[PDB]
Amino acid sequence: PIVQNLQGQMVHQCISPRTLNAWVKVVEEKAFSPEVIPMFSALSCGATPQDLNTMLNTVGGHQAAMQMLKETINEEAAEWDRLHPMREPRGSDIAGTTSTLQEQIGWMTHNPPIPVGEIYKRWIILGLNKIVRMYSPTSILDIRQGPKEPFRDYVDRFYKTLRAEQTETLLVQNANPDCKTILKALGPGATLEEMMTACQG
């Protein structure tokens, strides 16, 4: 990535072993849960397009997702080329296929800058959101409270599903008879704290 130093200047650094390992391990462990995306964005802080490509290429397995991610990058690159017919970067130059590390640093450290790293990261995060959407096992409609399931555990499963898919009516309607009766007896506009406190005992 490109970061500051003691002298207060933007300079290129090699990607660290910690960051390389962290990203490989989070994908191995969490696959494509919603929380992988913010972890990717944080681990790719100040990254060049080269660095992003390295991070994506270090992923073994999940090649369905990586292929979906390529198609998203293509769609965003094609849109950039349409809207953008100092030499300004093409879509391929942002994706790091037709641009050198010198050129990428050149754009990112220019005044005014063209942050090709942050633009390419935007396309990648956009593709990762679609993959999380896909890899979401359950639909929001199928999340319903069990016979002896606590309300806390039900709400956890509801919003976890909702996060991956992406509230007022569906949350209360799919609760069990005992809690549903209490939740409708609290009325509309109640906070989630008030609802959970009501269905505790």
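Rigid core here is just the name for the largest C-alpha set that superposes within 1.5 Å across the two forms. Start at 1 and count along the sequence shown; that's the residue number.
The higher RMS C-alpha distance to the shown form in 5 other deposited structures of this protein, out of 67-75 and 87-95, belongs to 87-95, with every structure fitted on the core.
Between stretches 189-197 and 10-18, the one whose Cα atoms sit farther from the displayed model in 5 other deposited structures of this protein on average is 10-18 (core-aligned, root mean square).
Per the record, residue 166 and residue 167 are separated by 4 to 9 deposited residues that are missing from the model.
The stretch of deposited sequence separating residue 112 from residue 113 contains no residues lacking coordinates in this entry. The deposited model assigns a higher average Cα B-factor to 137-145 than to the other stretch when 63-71 and 137-145 are compared. Stretches 178-186 and 18-26 differ in mean C-alpha B factor, with the higher average recorded for 178-186.
The residue among 38, 49, 150, 46 whose C-alpha atom has the highest B-factor in the PDB entry is 150. Among all modelled residues in this chain, the alpha-carbon of residue 31 has a temperature factor (C-alpha) in the middle third.
Residue 161 sits in the middle third of its chain by CA B factor, as recorded in the PDB entry. Annotation for residue 132: CA B-factor lies in the middle third of the chain's modelled residues.
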